[PDB]
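So this is what it looks like as C-alpha coordinates:
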(Lines of atoms letter the chains of each structure in order from A and count residues from 1; the text may use other names and numbers.)
(Lines give C-alpha, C1' and ligand atoms only; values in the text may rest on other atoms or scores of the structure.)
Protein backbone atom coordinates (compact mmCIF):
# COMPACT_ATOMS: atom_id res chain seq x y z
CA UNK A 1 0.00 0.00 0.00
CA UNK A 2 1.94 3.03 -1.33
CA UNK A 3 0.08 6.29 -0.74
CA UNK A 4 -1.13 8.16 -3.82
CA UNK A 5 -3.34 10.98 -5.06
CA UNK A 6 -6.91 9.82 -5.50
CA UNK A 7 -9.03 12.95 -5.85
CA UNK A 8 -9.84 12.87 -9.60
CA UNK A 9 -9.75 16.66 -9.94
CA UNK A 10 -6.34 16.55 -8.31
CA UNK A 11 -5.23 13.77 -10.68
CA UNK A 12 -6.33 15.88 -13.63
CA UNK A 13 -4.39 18.89 -12.30
CA UNK A 14 -1.38 16.59 -11.93
CA UNK A 15 -1.66 15.15 -15.43
CA UNK A 16 -1.93 18.50 -17.23
CA UNK A 17 1.46 19.28 -15.67
CA UNK A 18 3.20 15.94 -16.08
CA UNK A 19 2.15 15.21 -19.66
CA UNK A 20 4.83 16.52 -22.07
CA UNK A 21 7.11 17.84 -19.31
CA UNK A 22 10.72 17.24 -20.25
CA UNK A 23 12.05 17.86 -16.74
CA UNK A 24 13.50 15.24 -14.44
CA UNK A 25 11.18 13.47 -12.02
CA UNK A 26 12.52 15.67 -9.22
CA UNK A 27 11.63 18.92 -10.96
CA UNK A 28 8.33 17.50 -12.18
CA UNK A 29 7.35 16.63 -8.60
CA UNK A 30 8.37 20.01 -7.12
CA UNK A 31 6.25 21.70 -9.77
CA UNK A 32 3.25 19.48 -9.06
CA UNK A 33 3.43 20.06 -5.32
CA UNK A 34 3.11 23.79 -5.92
CA UNK A 35 -0.23 23.17 -7.64
CA UNK A 36 -1.16 20.51 -5.03
CA UNK A 37 0.34 21.76 -1.76
CA UNK A 38 -1.52 19.38 0.53
CA UNK A 39 0.40 16.29 -0.56
CA UNK A 40 3.97 15.33 0.32
CA UNK A 41 6.49 14.86 -2.46
CA UNK A 42 6.83 11.10 -1.93
CA UNK A 43 3.10 10.71 -2.51
CA UNK A 44 3.30 12.80 -5.67
CA UNK A 45 6.35 10.82 -6.79
CA UNK A 46 4.48 7.60 -6.00
CA UNK A 47 1.58 8.89 -8.10
CA UNK A 48 3.78 9.93 -11.02
CA UNK A 49 5.66 6.61 -11.06
CA UNK A 50 2.22 5.00 -11.22
CA UNK A 51 0.54 6.78 -14.11
CA UNK A 52 3.44 8.08 -16.22
CA UNK A 53 6.62 7.13 -18.05
CA UNK A 54 9.66 9.07 -19.28
CA UNK A 55 10.48 8.47 -22.94
CA UNK A 56 14.07 7.78 -24.04
CA UNK A 57 14.70 10.27 -26.82
CA UNK A 58 16.30 8.70 -29.89
CA UNK A 59 17.59 12.23 -30.31
CA UNK A 60 14.11 13.65 -30.96
CA UNK A 61 12.12 14.53 -29.14
CA UNK A 62 13.97 14.77 -25.79
CA UNK A 63 12.89 12.73 -22.79
CA UNK A 64 9.28 13.70 -22.06
CA UNK A 65 6.65 12.19 -19.77
CA UNK A 66 3.40 10.65 -20.99
CA UNK A 67 0.44 9.20 -19.14
CA UNK A 68 0.46 5.53 -20.07
CA UNK A 69 -3.34 4.98 -20.17
CA UNK A 70 -4.95 7.63 -22.38
CA UNK A 71 -8.22 5.75 -21.83
CA UNK A 72 -8.37 6.05 -18.06
CA UNK A 73 -7.31 9.69 -18.35
CA UNK A 74 -10.34 10.32 -20.56
CA UNK A 75 -12.61 8.80 -17.89
CA UNK A 76 -11.23 11.13 -15.23
CA UNK A 77 -11.91 13.99 -17.66
CA UNK A 78 -15.47 12.67 -17.94
CA UNK A 79 -16.00 12.35 -14.17
CA UNK A 80 -15.49 16.12 -14.15
CA UNK A 81 -18.76 16.19 -16.23
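Numbering (PDB author numbering), first residue to last: 520 to 600. For each residue, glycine too, the CB sits at the ideal point set by N, CA and C.
Residues that residue i bridges to, as DSSP identifies them
i, result
"residue 586", "571"
Proximity below 8 Å, CB of residue i to CB of residue j
i, j, result
"residue 528", "residue 599", "yes"
"residue 542", "residue 592", "no"
"residue 531", "residue 595", "yes"
"residue 597", "residue 587", "no"
Span of the alpha helix (DSSP H), counted from its first residue to its last, around residue i
i, result
"residue 552", "544 to 554"
"residue 523", "Where residue 523 is concerned, there is no enclosing alpha helix (DSSP H), given that its DSSP letter is neither H nor E."
When the options are compared against residue i, the one with the closest alpha-carbon
i, options, result
"residue 560", "578, 544 and 536", "544"
"residue 583", "577, 589, 536 and 573", "573"
"residue 575", "568, 585 and 547", "585"
"residue 520", "538, 562 and 540", "562"
"residue 581", "536, 540 and 525", "540"
"residue 526", "589, 579 and 566", "566"
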